[PDB]
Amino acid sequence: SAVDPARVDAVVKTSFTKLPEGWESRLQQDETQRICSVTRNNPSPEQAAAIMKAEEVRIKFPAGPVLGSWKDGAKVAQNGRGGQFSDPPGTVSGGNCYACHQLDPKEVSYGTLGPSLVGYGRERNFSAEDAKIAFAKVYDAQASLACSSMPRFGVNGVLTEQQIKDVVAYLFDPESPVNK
């Protein structure tokens, strides 16, 4: 095979010299970043399985319930700023679901890289349990699907427990435009 060497590290190490304070870490892959890259996001069955084992343990669930605030969850969904070097200090991060998902059926700007989430809660009978599944999906998706293209929001420090509570509510709160 065209065995691609560890010459990829240097090329990054040496080509990424302007670093905001404490960003050397953003270059080093974690073990589930590394497998997904070396196999072009096509894990083998065994590959996928090990990831899941390491990812689903990293999931912390809230002390209280899953549901939060759908009105404030809508704000997490639309915000596409956060985490960037171009981003001024204090910039509140979002999940930006709209970039990849259809959410509010009424809304006309949405991506198709991810699944339609229109009526998600209603389609799942508003089940409190299936919302736990949607929580752990936002907190860490690679816990349920290895090498998935959805960001591991909650395990990577982009989303706070409360933001996930809020964005899940947007999928699950019967009174949300997503569920209407």
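Position 1 is the first residue in the sequence shown; the rest follow in order.
- Per the PDB record, of the two stretches 120-128 and 50-58, 120-128 carries the greater mean B-factor over its C-alpha atoms.
- In this crystal structure, the stretch out of 136-144 and 62-70 whose C-alpha atoms carry the higher mean B factor is 62-70.
- Considering 109, 78, 84, 93 together, the PDB entry gives 109 the largest C-alpha B factor.
- Ranked by C-alpha B-factor against the other modelled residues of its chain, residue 168 falls in the middle third.
- In this PDB entry, the Cα temperature factor of residue 17 sits in the top third of its chain's modelled residues, the highest group.
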